[PDB]
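For reference, the structure I am asking about is given below.
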Amino acid sequence: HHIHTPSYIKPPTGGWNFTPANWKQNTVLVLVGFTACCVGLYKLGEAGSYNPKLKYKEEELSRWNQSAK
Amino acid sequence: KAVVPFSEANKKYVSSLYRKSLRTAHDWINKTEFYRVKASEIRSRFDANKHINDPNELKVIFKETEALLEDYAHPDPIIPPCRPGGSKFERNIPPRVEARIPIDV
Amino acid sequence: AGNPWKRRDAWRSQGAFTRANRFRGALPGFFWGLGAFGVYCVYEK
Amino acid sequence: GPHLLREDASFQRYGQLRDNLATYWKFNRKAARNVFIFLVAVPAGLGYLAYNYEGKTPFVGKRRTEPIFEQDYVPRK
Amino acid sequence: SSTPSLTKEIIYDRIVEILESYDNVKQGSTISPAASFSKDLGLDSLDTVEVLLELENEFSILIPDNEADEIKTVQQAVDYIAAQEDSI
Amino acid sequence: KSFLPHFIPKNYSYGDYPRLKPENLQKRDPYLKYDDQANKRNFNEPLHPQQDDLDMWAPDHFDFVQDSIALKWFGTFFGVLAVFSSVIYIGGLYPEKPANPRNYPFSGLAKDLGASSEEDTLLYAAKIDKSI
Amino acid sequence: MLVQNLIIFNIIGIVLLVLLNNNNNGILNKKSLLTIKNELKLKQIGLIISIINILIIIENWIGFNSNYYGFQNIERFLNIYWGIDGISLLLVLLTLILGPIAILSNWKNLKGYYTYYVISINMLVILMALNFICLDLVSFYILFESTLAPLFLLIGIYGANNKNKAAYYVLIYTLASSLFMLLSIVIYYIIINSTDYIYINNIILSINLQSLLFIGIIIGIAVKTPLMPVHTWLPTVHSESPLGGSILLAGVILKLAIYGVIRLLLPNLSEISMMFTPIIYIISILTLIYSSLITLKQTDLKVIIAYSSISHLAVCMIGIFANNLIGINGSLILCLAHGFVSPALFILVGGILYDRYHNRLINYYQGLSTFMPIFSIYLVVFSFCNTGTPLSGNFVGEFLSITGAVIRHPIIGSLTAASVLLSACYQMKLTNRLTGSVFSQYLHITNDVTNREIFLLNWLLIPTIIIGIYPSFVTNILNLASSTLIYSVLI
Amino acid sequence: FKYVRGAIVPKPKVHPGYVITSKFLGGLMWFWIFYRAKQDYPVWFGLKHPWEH
Amino acid sequence: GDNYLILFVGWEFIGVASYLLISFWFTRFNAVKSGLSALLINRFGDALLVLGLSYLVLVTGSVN
Amino acid sequence: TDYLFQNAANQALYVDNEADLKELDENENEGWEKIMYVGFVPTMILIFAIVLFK
Amino acid sequence: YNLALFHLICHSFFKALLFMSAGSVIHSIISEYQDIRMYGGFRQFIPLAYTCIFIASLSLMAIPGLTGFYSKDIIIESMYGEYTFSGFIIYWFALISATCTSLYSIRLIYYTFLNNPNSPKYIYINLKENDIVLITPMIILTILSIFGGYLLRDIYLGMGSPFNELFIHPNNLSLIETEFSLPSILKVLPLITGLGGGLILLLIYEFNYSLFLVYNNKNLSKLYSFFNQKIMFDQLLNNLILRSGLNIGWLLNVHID
C-alpha cells in the first residue's frame, strides 16, 4: 500500500496501522488486567464513598447553630 | 508586456479568464439547468469579442474582464476535497521515504 | 449554441431524479404512522 | 558528523539579521515615541492605579448591607 | 464499498461519454484514444476549455491552467486522470 | 484583490541585508511545485525581515473585502439592532406585566432567606405578601 | 555535619580528579587509560561525586524538625555560622539534584576537556548550595558572586559561536549590579557592626535609610531574577552557554534572587518592603507582559526558552512580595517547579535538536512528530507544564502566586492572571509549529530520543507531577518558615 | 465493473433492511406526533388547561 | 468535582484534549492552526477563570 | 588497578588498539547506566520515602 | 436554570445525531465531498441516513411531540413570560432564531437529499449506506430524539420539583406567568413561522430558483457575502486584533529589547 518506515519508528500508539502477530495473547493479558482494575476501583469506591447529607442529624445542627450564636 | 492577439500566449490568457468565468458561475448557481444558461451566456459574451484586432482595444477588455471576475467572485468557492484548499487536503500524507542516518548522540 | 450539454444533463432529471421520484418518500413512514394511529383509535373505542 | 541539516543561506541571513537588529537601531522620533509609551506612559498608568487603590480595597469577607430586589412594583400605566 | 479502483478502462469509458454528449463536436469525428481535439474532433479554443471543465467535474478534480494547456488529445486526458490520487 | 497585512513596512535599511518587496506566502499559487511544498517556498529564496508575519505559520489573512468596509458592515449590523432596541424602549411598546409579581408569606419569607430579626427583614425578604 | 562534610568531600573530589588527569601532562606524549572513551573514567568519578552530595543533605534532612521555629543544624565553620530552615532545605535539595542532571546532559557532546567541565559543574553546584545555608549578609554575598569565576570560564570555553559576548554579559551584568548590593551590606556592618541574619532582623532603621538599603539590594536582585529592564543579558547567555551551564543558570541561579528577597529584604527591611510593593508589582507585571509578547517574535529556539523563564520568575517575584502566606508559599512552589521544567525545555531544544542538527533557527524545524514521536511526547507534556496546566507543579505555584497577589492588591494584582493566557501564546505556538505540518524538508531522518536523554526528561518530569498533584510534601516544610516573613499589625 | 455510456440512473434498489428500518423510524415519530396531538393539542395552543377535563 | 479547582482541572484538560483532537491530522496545515485557535481562545477564558477563583479565595477563603 | 598500576609499555598498547578498533565500526553502554540506577534512582526513592513515611 | 439544564440534556441527543448522520453522508459519497452544493438527490440512495437527519431536524425545529419541543419551546416562551424590556427584545431574537432554525434545516435537507443531482453520475451508481456499526448509535439516538424529552420533562420542568442544586430566588420564579399569562397566539407563533416559513423556502427553491441567483443584485451579493463570511468577525479578529498583538511584540522587540 505505502511505506511507513516501521523498522525504527515505534510509537506507543502503533505507527500507521500496527498490529503485532501476537495481538490475541496480549489482548487477553490486557482484558484480565483491565478487569482487575475496575473491580479494585469498585471496592475502593464503595468503602470510601459516603452520604454528605446523613453524617449529622438535624438535632446536631441545631446545637451547632445555637452555640455559634 | 504587450498583448499579442491571435497568438499562443493570448489563447492561454483568454482561456484562463474563461475558466474563472465559468467556475465563478458554478459557485453561485447550484442547479445545472440554471448553470447552463449562464455558462452559454458567458461564452456568447466571449465569442462576440473574438474578432478584435487592435491590441490597445483588447487591453481594455482584459482590464474589464478581470474586474468583473473580482466583483462576482464567490466568497466560498467550490473546491475539491483533496485539492489545495479542500477539506481533505494534506490529510494523512504518507511519510517521506528515506533511510535513517544514525548518529552517536 | 443553446445548451450544448442537453444530451449530458438529461440523466439529472430522469428516472430516479424526476420531480415525482425525488419527493416520493420525503416524509418517511407518514402513512405508516397514520395507519398505526388509525389502528390505535379503533383499539381505544 | 553527517551534517543532517541542509543549511540554507537565506535562512542564515534571516537568522543573523534577527539576532543583530540592535546594530541598525536609530533613536529617531518613531523610536522615541515607542520608548516613551512602553517605558514611561504605560508604567505611569499602572503607577497611578497601583497607589490610587493601595490599601483601599477591603474585600476580605465583604458584607452586603443593601437590598438587591425591589419591594413594590410600580406599573407603567 | 468504496469506488472499485480506477483503471484506464473505466476512465476511458467516461471521457468518451463527455465527447459524445457534446453537440459542438464535429460531425463524424471518430472517438479514439489517439484522437486529438482541435483537428480530429473539431474544437476551437473555448470549446476545448468547456470539455476540460466537464473533465475536471466528472472526476471531481481541479486542473491548473498550466496542466490544462498540455492536454490536447484523448489519450493525454486518460493518462492525466490516471496520474492523480484524487480521481474519483 | 489581495493586499498586505497591517504593520508591514514599505521600506527598511538593515545595513547590507537585501531589500525585497514584502510578499505574503499564504497568497502564493498552491498548484505550483516548490522545494518546500507545505510552506510554498523554494530553497535559498530570500526572506523578508518580517517574513514571520508573511508565511503560512502567520495568522491567516482575509482579503475578500477591505478592513474599513468589513468594519463598516460590522458596525452597521449592530447599529440596526441598537436602533431597533432603543425605539422599543423609548416608545415603551413592550407589554406590561399582566399581574402583580409573585408574593410570599411570612414577611416575604424573610426568616427563610437569611434574615435574623425585624431590623434585617427588608435586607433579605422577597416581595412581601401584604394581603396575609 | 553538613557544610564541613560538603566542602571537605568536594575539595577532596576536586583534588582527586586533578591528580589523576594531570599526572602525565609533562610533555609525555602519552596515551594513558583514564582518557580512553572521552575520559569516561573521569566523568564517572565526577558523576559519583554529585550523587554523594545529595546524600549529604539527606542525612541532615532526617533530623529536620518542621515544627521548630528558627534555624536548625547551626554550625560554625571557617569563622562562619551555617544553618537550615524550611525554605533553605528545599532549595538546597533542588540545587544538588540538578548536579548529576547537568553533568549527564553533556556526557558525550563536548569537544574535550571533560574533567575541567565536570569540576566546574560540581564546584558551581556546591557554591550555589552553600549560598542557601549561610547565616549572614557577607557570607551570602561571597557565595553569591563566587560562582561568577567558574561560570565565566565555563561559558567562554564550552560555549557556542557567540560565547565571547555571552561571557562578557554574565560577568559584567551580574557583578556591576551585585556591587550595589555590597554597598548596602557594608552599610549594615558599619551601623550595626554585624551582618547576621537574626541580628539585623530585629533592628529598625530610619525610613530614609531603609529606602537606600532596599534600592541597593534590589538592584542586585532585579538583575539576577532577572527583571525588566535589566534582563537583556539572560537571553544571550542561554543561547550561547553549554547545556549544563544553562541548566544550572535556569534551575538554580535565577532562584537565588527569590531567596535573596527572603533573607535580605523581608525580615530586616519590612517597613520599606510594604512601601516598595506597588513598585515591585508594576515592574514585575510589565516584565511578565512584555517578555511574553517579545517571545512571540523570537526565531532562536533556545532564546524562546530563555524568555519563558523571565515571565515565570516575574510571577515568582510577584508572589514572594505578597504579604500573605498564600503568595509566599506559591512563589516558593513555583521556583521548585520551574527548577525542573525549565531545564527540560533546554534539554529538548539545546540538547536533543541541537546535538543532532546544530542549528537553533526555528525555520528549519516542523512536523517532528513524524520521525521523532518520543521527542514530541515529552515536548508536548513539558509545554503544558510550562504553561501552568494543572497536575503540574507550575500550576500550583502560579495559582497560589496569582491568588496571593490578588489578596495583596486586588486591583493591579489581578493583572497577574494574564500569565495564564500569555504563557500559552508563545509556548504553544512553538510547540504547535514543531509538531504540526509535514516533516521539515531541511532535516535528514536520524535517531529519536536515546536512553540517556529519556532518563533526563523522565526524572525532571517526575518531581513536577508529584509536586503538582500533592504539593503538601513541600507546603508542610515551608509553612512555619514562611509564616515568619509576614509583616502586619491587625487591631 | 463496467460503465455504460448514456444510461440514466434508475430507481436505486437498496438493501431491504435499510428501507424497512427507515420507514419504521419515521413511523415511530409520526405516530408519536399524532398520539401527543390527540392528547395535548388543547394545552399546546393554550385553548384549555391540563386539569380541565 | 466538589470544588471549583477540581472543576478547573477538567476545564483545562478539556481544552488540552480538544486541541489534540482538532489537530489530529497534524500533517494538514489548517487542522494544526485550527487546533491552536481553539486552545488559545479557550486559554483566554481560563485566564479569567483563574482570576475569578482567586477573588473567590479573597472574599470567602475557599473554593468549595 | 589497570588505570593506576600499569606501566607505560602496557598502557600504550591498549590505547592504540582502542582507537583502531573503534574506527572499524547504538547509543548504549555509555558508562552512566550503572551509576545512575544504583546511586541516583535509589536516592530519589529515599527522598520519596522521606516525604511519605517521616 | 432548570430550563437551561433540560434543554442541554435534550440538545446533546439530537445534535449528536445530526453530526453522526452528516458524517454518514460524507462517507457514503465516494468523493467525500462536504459542500452541500455538490450534493443532490440522495434521498432514495441513502434513506436510512435521511430519516435520521429528518427526525433530528424536526426535533431541532421543536416540532410538537418531540424532545426539542418540550425543551426548546418553553425557553422561547419564558422570554415573553419574563415581562421585562430585555426579555421582550430577546424574545424576538429567539423567535427569529427559531424561524431560522427551521429555515436552514429545510435548506440543508433540500440541497443534500431533494435537489437535482450535482455530483457526477459515477457517484450515484456507487452511493450506498454504511455498515451496521455506524448505524447502531444513530438508531439509539434517533429513539432518544423522539421520546426522551417527554419522559424527562417532569424531572426538570415540573413545578415544585426539588432541584436544590440549582437555586432560584423567590423573586425570580416566572414559571407561572410564562405558562398561563401567555397569549394563545405566541404559543404557536414559532410553529407557524417555522413550518410555514420553511414551506415558502421549499417552494421557492423547487420552482422559482431564479430568485436565489443573488450574484445579480448588488445589495443581495453584499448581504450574502457579509453573512457567509460570518459577520466579518474572523477577518476583524485576525487582521486587527491578532496582527496588532503580534506587532506590539515586534515593537517591544525592536525598540525596547
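Read from first to last, the chains carry the letters A, B, C, D, E, F, G, H, I, J and K; within each, the first residue is number 1.
Basically, a contact is a pair of C-beta atoms (placed from the backbone, for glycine too) under 8 Å apart; a residue touches a chain by one contact, two chains touch by 3 or more.
The chain lineup, named per UniProt: B = NADH dehydrogenase [ubiquinone] 1 beta subcomplex subunit 9; G = NADH-ubiquinone oxidoreductase chain 4.
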Starting at chain C, fewest touch steps before arriving at chain G: 2
Chain at the geometric heart of the assembly (C-alpha centres): I
More contacts between chains, C-H or B-K: C-H
Inter-chain centre distance, chain B versus chain F - centres from mean C-alpha coordinates, in Å: 34
Chain F-chain K separation of Cα centroids, rounded to whole Å: 22
Euclidean distance of C-alpha centroids - chain B vs chain J, Å: 67
Where chain H and chain I are represented by their mean Cα positions, the distance between them in whole Å: 42
Residues of chain A whose C-beta touches two or more other chains: 5, 8-9
Per-residue overlap in chain K, given as positions that touch at least 2 other chains: 31, 33, 38, 44-45, 47, 50-51, 54, 116-117, 121-122, 124, 128, 169, 171, 225, 229, 246, 250, 252-253, 256
Chain F, residues touching no fewer than two other chains: 31, 38, 47, 56-57, 60, 64, 96-97, 101, 126-127
Contact footprint of chain B on chain C as seen in their complex: 1-5, 9, 12-13
Chain F-touching residues of chain G, taken from the complex the two chains share: 297, 299, 363, 366-367, 433, 437-438, 441
Residues of chain B that touch chain J when the two form their complex: 102, 104-105
Touching residues on chain B, where the partner in the complex is chain A: 94-95, 97-98, 100
Of all residues in chain D, those that touch chain I in their complex: 59-62
